[PDB]
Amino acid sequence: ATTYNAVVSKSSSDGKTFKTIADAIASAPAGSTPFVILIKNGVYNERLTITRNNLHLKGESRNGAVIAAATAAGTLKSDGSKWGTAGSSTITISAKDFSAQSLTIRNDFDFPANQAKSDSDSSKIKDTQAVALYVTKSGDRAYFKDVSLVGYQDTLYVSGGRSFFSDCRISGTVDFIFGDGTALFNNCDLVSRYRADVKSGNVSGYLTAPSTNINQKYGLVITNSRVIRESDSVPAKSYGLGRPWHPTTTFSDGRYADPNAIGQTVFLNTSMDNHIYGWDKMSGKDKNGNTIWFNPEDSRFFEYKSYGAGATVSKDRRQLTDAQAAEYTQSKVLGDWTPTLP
């Protein structure tokens, strides 16, 4: 009995359909009853901040139903101030029990074109993070099935609660899955993108930059997935599996890189092409204003039965025991939440 409460389409000759996704959401009755919106094939140039609990979007197809906007952290608003990383997001989830199925969410910020600009070009943005999807601390129990997330730097920002990504595609360059949330990814393609601006021998990017608090049991958990390159031009040993993001945070003794954001990234039964070289470090500013490096060996970076050309086992790539791997089942990672579609 999978009926829809609202239908969005590009055709006016469709029937009683909404022209925009924002207008379909608007039609939802107030409160927390389930509301399911069908989004017909088309490119919808909208930015959305979801504040209604129990909201569910279903695209006609992942290939054809697209929600897209172009905004970098360094893009200026009317008041001439920056959007910032969080502010750059095409879709922001600030409610509970959200789901999206069979659709694509993009940030269309043209990172390569930006990088190709002359250094003296005043329109060349330095703050190049451009978030496609941001699940916030108010967005617990967010479920994405057969969803594609497109971007370069900082594609997916996962913060606070639990999220589950299933049969998904996520693409990017630098820290394209990042944040402190519990985010489980199963049967996903994680696509490392070509970088025209990066010299031969230098690092093109990092799949993950977790900021998971040390007292949180689960961070970024990747299972039964495929870590792939976008093209043959993506060089061997050009991408890190993760680096430790210790976010700039305000404390009683000043504002600096969070010492306790000791991120977790775990890969289980995941294929990796040879663009992967291993884990890496990341720098921030400490309480004194000095550079401080956060090292992968000090972080919760683990693999279990990786395979494919990028799957080396070495001292620098710690491996879970079978008994440790059993701790990373969906049931354990997501606790009392079983992701379900309406």
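In this text, residue numbers run from 1 along the sequence as written.
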Per the entry, higher mean C-alpha B factor between 177-185 and 102-110: 102-110
Given 205-213 and 123-131, the range whose Cα B-factors average higher in the PDB entry: 123-131
Criterion, highest CA B-factor; candidates, 287, 275, 62, 47: 47
Highest-ranked of 260, 249, 78, 155 once sorted by CA temperature factor in the record: 78
Ranked C-alpha temperature factor of residue 161 among modelled chain residues, by third: middle
Third of chain Cα B-factors occupied by residue 224: lowest
Chain third (lowest, middle, highest) by recorded CA B-factor, residue given as residue 269: lowest
Relative C-alpha B-factor of residue 233, binned into the chain's lowest, middle or highest third: middle
Among modelled residues of the same chain, the CA temperature factor third for residue 83: highest
